[PDB]
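The chain below stands alone and is given in structure tokens; this is the form deposited in one PDB entry.
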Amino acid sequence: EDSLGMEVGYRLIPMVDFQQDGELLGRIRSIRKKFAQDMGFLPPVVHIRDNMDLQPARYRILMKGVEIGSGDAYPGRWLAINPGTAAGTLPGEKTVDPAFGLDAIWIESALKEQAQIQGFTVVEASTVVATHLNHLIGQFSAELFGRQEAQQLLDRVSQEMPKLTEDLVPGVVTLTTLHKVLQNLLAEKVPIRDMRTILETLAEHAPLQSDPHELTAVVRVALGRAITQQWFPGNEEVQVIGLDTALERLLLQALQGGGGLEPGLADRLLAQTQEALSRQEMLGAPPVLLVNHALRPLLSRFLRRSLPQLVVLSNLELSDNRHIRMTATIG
């Protein structure tokens, strides 16, 4: 079916109609526009379709026909989101915010200012659906970047810098290999904007390496200035989570065939990591875990499977001029 689709009930029709309100269409266009300039690729168009059989205020979001999210939206009302610090309760339909799962209440338009004073974040109905749609796009950035968009991006960059793309595909790397490398970049929220450095460093390591996972690692170090500034913008103190030195050598030994740890120690590794995100949060520091380069792909695939908000960077990617301090420890 369609790559990105959204079905809506009849009460949401005005929100998706150029003949009247249509606040969603402008927001969806802005979502796809900023997503193309931030992450470096244009996401598929969103096919919006009315469904009078659906509930009046219900909407659905589908990816290749599979439902990836539902929810409600009431155009005349506001959603009062409780981030954990709000006080009291407000009359309305109690629900859950679609982005973070927090407790929320759909309040009448006459309670917006009272909600704000009580500590709620009040969000309009069209933004609730747009934010939910924008949230899922970022969550499935790697999936929405299929092989078609890989060829589409290649031809787009083959006209800007023809000398780099001509000698590359399919000579040193095939279209399948370049696609898998770019998928690994979007899978960890690193943008593929700088196609020069990606393809330049690909041509230097392709004749010696044909493994997509290995080529991805080299590319991330080539993109180290962008990866550093993405989570540590400016020139101040870099505050990262680290591994206990005893744990780092235990993990290096397990990969080197010296002996792995008990499966129960893995459960503590997940728990201690989640506690490290909370301790890092209390300090106002980014939720990034700095590990040895040999351990980065393993812990990235392992921790982010349960805690996707975690960012795993290698020591070879951070700029050598920054002042690094380990503010939290796992182990």
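Only the largest set of C-alpha atoms that superpose within 1.5 Å between the two forms is called the rigid core. In this text, residue numbers run from 1 along the sequence as written.
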Could you settle it for me: does 233-241 or 188-196 have the higher average Cα B factor in the PDB entry?
233-241
Taking the mean of the C-alpha B-factors per stretch from the entry, tell me the winner out of 152-160 and 114-122.
152-160
Can you tell me which of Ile28, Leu283, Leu289, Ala266 has the highest Cα temperature factor in the record?
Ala266
Checking the entry, which one of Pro83, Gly171, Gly101, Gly146 has the top C-alpha B factor?
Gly171
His135 - which third its CA temperature factor falls in, relative to the rest of the chain
lowest
C-alpha B factor of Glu248, ranked within the chain: lowest, middle or highest third?
lowest
Using the B-factors in the PDB entry, rank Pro297's C-alpha atom against the chain and give the third, lowest, middle or highest.
lowest
Going by the recorded CA B-factors, say which third of the chain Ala226 sits in, lowest, middle or highest.
middle
Cα B factor band for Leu12 (lowest, middle or highest third within the chain):
middle
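There is another form of the same protein, the form deposited in another entry; it is not shown, and what comes next is about it.
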With the two forms superposed on the core, which of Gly88, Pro162, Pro233, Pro207 shows a CA shift of 2 angstroms or more between this form and the one not shown?
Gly88
Establish whether a shift of 2 Å or more occurs at the C-alpha of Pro191 between this form and the one not shown, with the two forms superposed on the rigid core.
no
Taking the rigid core as the frame, does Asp103 move its C-alpha by 2 Å or more between this form and the one not shown?
yes
Would you say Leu175 moves its Cα by 2 Å or more between this form and the one not shown, aligning on the core?
no
